[PDB]
> 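Following this message is one structure expressed as structure tokens.
Just so we're on the same page: letters track the sequence lines, and every chain starts at 1. Both backbone and side-chain heavy atoms feed into the values below; hydrogens, waters and symmetry mates do not.
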Amino acid sequence: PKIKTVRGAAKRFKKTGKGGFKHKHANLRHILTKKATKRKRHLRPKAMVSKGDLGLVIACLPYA
Amino acid sequence: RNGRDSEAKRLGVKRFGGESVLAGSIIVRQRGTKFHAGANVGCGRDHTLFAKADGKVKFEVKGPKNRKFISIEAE
Amino acid sequence: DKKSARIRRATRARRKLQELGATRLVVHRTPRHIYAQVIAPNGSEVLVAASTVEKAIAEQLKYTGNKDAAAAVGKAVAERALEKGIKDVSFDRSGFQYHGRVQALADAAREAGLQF
Amino acid sequence: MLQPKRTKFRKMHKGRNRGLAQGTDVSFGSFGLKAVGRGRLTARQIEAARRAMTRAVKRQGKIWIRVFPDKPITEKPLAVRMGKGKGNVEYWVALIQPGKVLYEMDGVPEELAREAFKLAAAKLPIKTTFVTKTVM
Amino acid sequence: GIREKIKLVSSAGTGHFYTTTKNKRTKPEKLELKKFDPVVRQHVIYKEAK
RNA sequence: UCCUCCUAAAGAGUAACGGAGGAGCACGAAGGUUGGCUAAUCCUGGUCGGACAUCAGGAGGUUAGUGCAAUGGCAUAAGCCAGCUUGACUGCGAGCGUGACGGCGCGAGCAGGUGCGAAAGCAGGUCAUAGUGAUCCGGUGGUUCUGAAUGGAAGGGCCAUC
């Protein structure tokens, strides 16, 4: 049978032109009053997946 | 009733005398001001010293209290 | 001590101008003969000075050490600085409140070309 | 039983006894007992030596003690496994390096001084020698 | 943590708001800081609210 | 779990059921700026008043203080007082520090619009280092971004926040 994509992974990573992956930062959901605007502002833009965990991401979504 | 400790903050001098640095690079990480900002050097809110211009970093002693200063010369 | 209090008062401003690296107009005030000087950023040389202590400027005003004297010195420094070439400067109170003679000298200087 | 008062900390590290003695000269009396060996003296040993000399001199002259314990030593209770924290303080010891002057004395004849110090040294765990105050 | 969180609502029609904390026990009156509203790009009065 | 010192061997880091202590906050001011001021402890005189209230002078130079444990720092004061204020602002951010990663920290400078000062200038919270919890699910406000025949709506997405 063909490989099954990890659906949870497919909802959090998007593939880019050079084979990288972009993901949303993981600290901007709640408990935001006590956070400085500088830290919230920097977490807004999407970021690239690090090299160390890139191999893990490749296995999770081999098709996308 | 002991056994508690805090994660080390990795303070200390990051750039030493006589080596070129880029603008905005951290030179010294410190709790207080062991070294005071000199020329082309800025002091952060946590007393971090960073380069405000590109050049060579040097240390010197100045003032009536012989307190240490960090400067940058455009070389 | 009056001098020690004054130096302590002006130390922060002097250091701020020194690190900023800009020509500064420094004024010294006394019960008579208000002085004024222009200092290079390095602080080692005087670009130009004026005051009411010299006969060249003390032969007109009735009495040295008043509002009129401050305006004359403040004006006097102006054309000298303009003739020299330097235009922008930083005023230094030198621990003197910017209220009376000091203000009059600065007001005369700024309206005479040395905007700051 | 010499012991400090309200020390900053109850326990301290074992450390090491390397180095060389500092107080190597007679400073108060005319005769003294110098330490030849290296080791530590407990408070009990210092008291025992002091009592021996005072009796020997028959409360004649002056006695100076140039060493203070100022160092707690712990000891685990019997039938206690390793770990579970530092042991409780038991006794205080003074670290002695070679050349250290232990006791000083004055106001007695040299002959009587020698036997008095010899009796004290017999109750100490370190080799000792008799010294006399030097002129400069 | 007696200090509790409030919402500062711009006096302008825009829905933008700030969030902060205050102590109702000591300072029960409303808060009327003057802050910058980016929707209208002007400094306006902000009123305290839930 | 987090913070400070030592262990830790003069860069960083470094274990033990090793030795000492703290935090799960507080503050619309204790924040910003402008102006001004400089302690502890002792000696002498003086009603209650007395070793220790307040006043005057002298030695002293920070042994004081710094909202909270400790370390480092602090006279240009970061310590103390007063006026005016909301920069405890929005969109960014060269370049660095720190982590396996998630992440965390510092930051000149640019645009917009503000506060203090005559002005140069300072201000993107607090002398710094603890005061904190990922994702999922769901709530509240804004935004035709989407909205499975069409026009709407429901529901999702994005932004702010619980």
> Categorise the sugar of F:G124 by the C1'-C2'-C3'-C4' dihedral sign as either north or south.
south
> Does F:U90 have its OP1 or OP2 closer than 4.0 Å to a side-chain nitrogen or oxygen of A:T37?
yes
> Verify the contact: side-chain N or O of A:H30 to OP1 or OP2 of F:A134, cut-off strictly under 4.0 Å; return yes or no.
yes
> Does F:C104 have OP1 or OP2 sitting under 4.0 Å from an N or O in the side chain of A:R39?
yes
> Work out how far the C1' atom of F:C80 is from that of F:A75, and round it to whole angstrom.
13 Å
> Measure NZ/B:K52 against P/F:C96 and give the value in whole Å, please.
18 Å
> Near D:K127 NZ, under 6.0 Å, is it more than 12 heavy atoms from other residues, nucleotides or ligands?
no
> Since syn is defined as within 90° of 0, does F:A128 count as syn or as anti?
anti
> Taking only the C1' atom of each, what is the distance from F:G103 to F:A9 in whole angstrom?
33 Å
> Please report the distance separating the P of F:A123 from the corresponding atom of F:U146, rounded so that it comes out in whole Å.
44 Å
> Please, which pairs that meet ring-ring contact (aromatic ring centres under 6.0 Å, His included) have at least one residue in residues 41-75 of chain B, sequence neighbours excluded?
B:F35-B:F59, B:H36-B:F69
> Respond yes when some side-chain nitrogen or oxygen of B:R45 is under 4.0 Å from OP1 or OP2 of F:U129, and no when none is.
yes
> Hey, does the side chain of A:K40 reach the backbone of A:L32 with a donor-acceptor pair shorter than 3.5 angstrom?
yes
> Could you state the NE2-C1' distance from B:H47 to F:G97, rounded to the nearest angstrom?
17 Å
> Just name whichever nucleotide pairs with F:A111, Watson-Crick or G-U, keeping both distances under 3.5 Å, else none.
F:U90
> Under 4.0 Å from OP1 or OP2 of F:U98: is there any side-chain N or O of B:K14 that close?
yes
> Determine whether a donor-acceptor pair (one donor, one acceptor, N or O, separation below 3.5 Å) exists between the side chain of E:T14 and the base of F:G142.
no
> So does D:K76 have more than 12 non-hydrogen atoms from other groups sitting under 6.0 Å from NZ?
yes
> Can you tell me the Watson-Crick or wobble partner of F:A23, both distances under 3.5 angstrom?
F:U1
> For atom NZ of E:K22, is the number of surrounding heavy atoms from other residues, nucleotides or ligands below 6.0 Å larger than 12?
yes
> Take atom CZ of B:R31 and atom P of F:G105, then tell me their distance rounded to the nearest Å.
13 Å
> So, does A:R29 get its side chain near the phosphate of F:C137, meaning an N or O under 4.0 Å from OP1 or OP2?
no
> Choosing from F:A120, F:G73, F:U90, which nucleotide comes nearest the side chain of B:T33?
F:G73
> Taking 4.0 Å as the cut-off, does a side-chain nitrogen or oxygen of B:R29 come that near to OP1 or OP2 on F:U129?
no
> Rounded off to whole Å, could you give me the CZ-to-P distance for the C:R12 and F:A77 pair?
4 Å
> Is the phosphate of F:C37 approached by C:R8 (side-chain N or O, under 4.0 Å from OP1 or OP2)?
yes
> Using Watson-Crick or G-U wobble geometry with both distances below 3.5 Å, tell me the partner of F:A82, or none.
F:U34
> Quick one: does B:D5 reach the base of F:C6 with a side-chain donor-acceptor pair under 3.5 Å?
yes
> Look at E:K35 and F:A88 and indicate whether a side-chain polar atom (N or O) is within less than 4.0 Å of OP1 or OP2.
no
> Considering only atom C1', compute the distance from F:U62 to F:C74 and round it to an integer number of Å.
11 Å
> Would you tell me if any nitrogen or oxygen in the side chain of E:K7 comes within less than 4.0 Å of OP1 or OP2 on F:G141?
no
> Looking at F:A118 and C:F91: do their rings stack (centroid distance under 5.5 Å, interplanar angle under 30°)?
no
> Does the sign of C1'-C2'-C3'-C4' make the F:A88 sugar north or south?
south
> Ignoring hydrogens and angles, answer whether the base of F:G18 and the side-chain atoms of D:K14 contain a donor-acceptor pair closer than 3.5 Å.
no
> Go through the steps to decide whether C:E19 and C:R15 satisfy the test salt bridge (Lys or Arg N to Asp or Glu O under 4.0 Å), and finish with yes or no.
CA-CA 6 Å; C:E19 61 86 20; C:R15 297 273 76 74; over 6 Å; no
> May I ask you to verify if any side-chain N or O of E:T21 is less than 4.0 angstrom from the OP1 or OP2 atom of F:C27?
no
> Using the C1' atom in both, what is the distance from F:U66 to F:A78, to the nearest Å?
8 Å
> Is there a Watson-Crick or G-U wobble partner for F:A12 with both distances under 3.5 Å, and if so, which one is it?
none
> Rounded to whole Å, how long is the line connecting atom CZ of B:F35 with atom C1' of F:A128?
16 Å
> Can you tell which of D:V93, D:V101, D:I96, D:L95 makes a side chain to side chain contact (heavy atoms under 4.5 Å, CB included) with D:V67?
D:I96
> Hey, is the side chain of A:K51 poking within less than 4.0 Å of OP1 or OP2 on F:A100, counting only N and O atoms?
no
> Under a 3.5 Å cut-off for both contacts, is F:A59 paired Watson-Crick or G-U wobble with anything, and if yes, with which nucleotide?
F:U41
> Side-chain N or O of B:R4 versus OP1/OP2 of F:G22: is the shortest distance under 4.0 Å?
no
> Please state whether the phosphate of F:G35, meaning OP1 or OP2, lies under 4.0 angstrom from any side-chain nitrogen or oxygen of C:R93.
yes
> So E:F17, base contact, sugar-phosphate only, or nothing? Heavy-atom distance under 4.0 Å.
base
> Can you tell me the Watson-Crick or wobble partner of F:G155, both distances under 3.5 angstrom?
F:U146
> Is the number of heavy atoms from other residues, nucleotides or ligands under 6.0 Å of D:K14 NZ greater than 12?
no
> For a quick check of understanding: with a heavy-atom distance under 4.0 Å over all strands, which category does A:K40 fall into, base, sugar-phosphate or nothing?
sugar-phosphate
> Counting only Watson-Crick or G-U wobble pairs whose two distances fall under 3.5 Å, which nucleotide matches F:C101?
none
> Check the orientation of E:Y18 and E:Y46. Use parallel for under 30°, tilted for 30 to 60°, and perpendicular for over 60°.
tilted
> For the sugar ring of F:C17, does the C1'-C2'-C3'-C4' torsion put it in the north or the south range?
south
> For F:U140, give the paired nucleotide (Watson-Crick: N1-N3 plus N6-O4 or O6-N4; G-U: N1-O2 and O6-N3; both under 3.5 Å), or none.
F:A160
> Note down whether F:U33 puckers north or south, where north is a positive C1'-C2'-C3'-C4' and south a negative one.
north
> Considering all heavy atoms of both residues, which atom of E:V44 and which atom of E:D37 are nearest to each other, and what is their separation?
CG2-CB, 3.9 Å
> If you look at every strand shown and take non-hydrogen atoms under 4.0 Å, does C:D92 touch a base, only sugar-phosphate, or nothing?
nothing
> Please classify the glycosidic conformation of F:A118 as syn (within 90° of 0) or anti (everything else).
anti
> Positive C1'-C2'-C3'-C4' counts as north, negative as south. Which one applies to F:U76?
south
